[PDB]
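S.K.: these chains are from a complex, not moved at all, and more is on the way:
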Amino acid sequence: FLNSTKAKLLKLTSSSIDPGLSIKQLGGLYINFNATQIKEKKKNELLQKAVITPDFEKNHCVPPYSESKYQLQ
Amino acid sequence: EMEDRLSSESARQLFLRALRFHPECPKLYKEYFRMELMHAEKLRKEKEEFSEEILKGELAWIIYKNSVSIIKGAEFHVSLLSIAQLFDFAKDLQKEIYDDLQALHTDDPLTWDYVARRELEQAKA
């Protein structure tokens, strides 16, 4: 897709025009055109925001699972 | 525009406008230098199927002189010769660029190195 021209099919020049940046250097295209990177990031960011943390075994009392709104206020 | 739409005119205006936004980009000059030489080959193939100055590669040579003046660098000067050697036609353009290497660019090690490697390229040993 990045370099697939019809001039490549019908040879008219020795070499083609080179763009400095490539798809592989970047993150890559968001969609597939034949027979995911944001999904791992969303999974990894969600994983970092978890109640189970380092020193979870260290704490003596587990924080309560749920609180009523009145107690939180 | 060039490789798909086959319009050399549209690609020229896109390149010329690009240099006005980026006057000091060496990458833009090198690809613009390459593009005009690509246009010349299409015109040589156009003649065989059926003006003289562009067919000689003069229109690419105008890009050569101005780009050298704006960017006063040996590596950029040698680089334009690398694309120039790639095109078999208009050897004189390679000859003109090669001679300007030693005359204009001196007191720098790179130019003397290139001449040395150019000479490089049981009896055979």
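M.R.: Alright, I've got the coordinates. Numbers count the residues shown, from 1 in each chain, chains lettered A, B, ... in the order given.
S.K.: Residue 38 sits in which helix or strand?
M.R.: By default, I'm working from chain A. Secondary structure from DSSP states H and E places residue A:38 in helix A:37-48.
S.K.: ah, I was thinking of chain B
M.R.: Per DSSP H and E: helix B:26-49 holds residue B:38.
S.K.: wait, does that helix contact chain A?
M.R.: Yes. Using CB under 8 Å from any CB of the partner chain, helix B:26-49 comes into contact with chain A via B:27, B:31, B:34-35, B:38, B:41-42, B:45. For the C-beta atoms, the positions are set from N, CA and C on the backbone; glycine is no exception.
S.K.: So which elements touch that helix?
M.R.: Applying 3 or more CB pairs under 8 Å, 6 or more residues apart in numbering or on different chains; DSSP states H and E, one finds that helix B:26-49 contacts helix B:8-21, helix B:52-55, helix B:58-70, helix B:74-86.
S.K.: tell me the angle of the first one relative to helix B:58-70?
M.R.: Relative orientation of helix B:8-21 versus helix B:58-70 (axes from the mean of the first three to the mean of the last three CA atoms, to 10 degrees): 10 degrees.
S.K.: Next, the angle helix B:26-49 makes with helix B:8-21.
M.R.: Using the same axes, to 10 degrees: helix B:8-21 against helix B:26-49 is 160 degrees.
S.K.: Which positions in helix B:8-21 come out as buried?
M.R.: B:11-12, B:15, B:19 (16 or more other CB atoms under 10 Å in any protein chain shown).
S.K.: coming back round to it: run through who's touching the helix holding residue B:38.
M.R.: A:12-13, A:15, A:17-18, A:20, B:2, B:8, B:11-12, B:15, B:18-19, B:22, B:54-55, B:57, B:59-60, B:63-64, B:67, B:70-71, B:73, B:76, B:79-80, B:83-84, B:87, B:89-90 (CB atoms under 8 Å, 6 or more residues apart in numbering or on different chains).
S.K.: ok, back up a step: point out the one among the helices and strands packed on helix B:26-49 that comes closest to residue A:55.
M.R.: Nearest of those to residue A:55, taken as CB to CB: helix B:8-21 at 54.2 Å.
S.K.: what about the closest one, near chain A?
M.R.: No. Counting by CB under 8 Å from any CB, chain A has no neighbours in helix B:8-21; the shortest distance is 9.4 Å.
S.K.: now the sequence for chain C, which goes on the structure above:
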Amino acid sequence: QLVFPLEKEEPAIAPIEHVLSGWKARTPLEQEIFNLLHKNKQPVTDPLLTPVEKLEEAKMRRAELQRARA
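M.R.: To build on what is shown above, here is chain C added in:
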């Protein structure tokens, strides 16, 4: 339904080729390339891609358009 004002309006986004016509030359690089083309026959812009504002010179230009289409 009647729409006012009656005069039609062009689409919002010009497709590049229309934009290419508006530019002129002020850089010394452009001047030499501009001059070398007109002293010879090659046109600056693609006639079919770039529209122009709606005798013999028009006839030969039409022949040039027919060849470019060919």
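S.K.: Please reconsider the contacts of helix B:26-49 now that chain C is part of the model.
M.R.: Counting by CB under 8 Å, 6+ apart, A:12-13, A:15, A:17-18, A:20, B:2, B:8, B:11-12, B:15, B:18-19, B:22, B:54-55, B:57, B:59-60, B:63-64, B:67, B:70-71, B:73, B:76, B:79-80, B:83-84, B:87, B:89-90 sit against helix B:26-49.
S.K.: Run through those residues and flag the ones next to chain C.
M.R.: B:12, B:19, B:54, B:59, B:63.
S.K.: buried residues in stretch C:16-23?
M.R.: Quick answer for stretch C:16-23 (16+ other CB under 10 Å): C:17, C:20-21.
S.K.: again with stretch B:59-72
M.R.: Buried-residue list, stretch B:59-72, by 16+ other CB under 10 Å: B:59-64, B:66-68, B:70-71.
S.K.: hey, where'd the helices end up in chain A?
M.R.: A:6-9, A:37-48, A:69-72 (DSSP state H).
S.K.: which one of the ones you listed is the most hemmed in?
M.R.: Across the helices of chain A, averaging neighbours per residue (mean count of other CB atoms under 10 Å in any protein chain shown) puts helix A:6-9 on top, at a mean of 12.
S.K.: Does chain B have contacts with it?
M.R.: Yes. Using CB under 8 Å from any CB, we find that helix A:6-9 touches chain B at A:6-8.
S.K.: Report the backbone C-alpha coordinates of stretch B:32-48 in PDB.
M.R.: Taking C-alpha atoms only, stretch B:32-48 is exported to PDB below (Å, rounded to 0.1, in the frame of the first residue of the first chain):
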ATOM      1  CA  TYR B  32      12.700  16.800  -7.000                       C
ATOM      2  CA  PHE B  33      16.000  16.200  -8.800                       C
ATOM      3  CA  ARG B  34      15.000  12.500  -9.300                       C
ATOM      4  CA  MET B  35      11.500  13.400 -10.500                       C
ATOM      5  CA  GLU B  36      12.600  15.500 -13.400                       C
ATOM      6  CA  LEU B  37      15.000  12.800 -14.600                       C
ATOM      7  CA  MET B  38      12.100  10.400 -14.400                       C
ATOM      8  CA  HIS B  39      10.200  12.800 -16.600                       C
ATOM      9  CA  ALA B  40      13.000  12.800 -19.200                       C
ATOM     10  CA  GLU B  41      13.000   9.000 -19.500                       C
ATOM     11  CA  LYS B  42       9.200   9.100 -20.200                       C
ATOM     12  CA  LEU B  43      10.000  11.600 -23.000                       C
ATOM     13  CA  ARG B  44      12.700   9.500 -24.500                       C
ATOM     14  CA  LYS B  45      10.300   6.500 -24.500                       C
ATOM     15  CA  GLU B  46       7.700   8.900 -26.000                       C
ATOM     16  CA  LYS B  47      10.000   9.700 -29.000                       C
ATOM     17  CA  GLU B  48      10.800   6.000 -29.800                       C
END
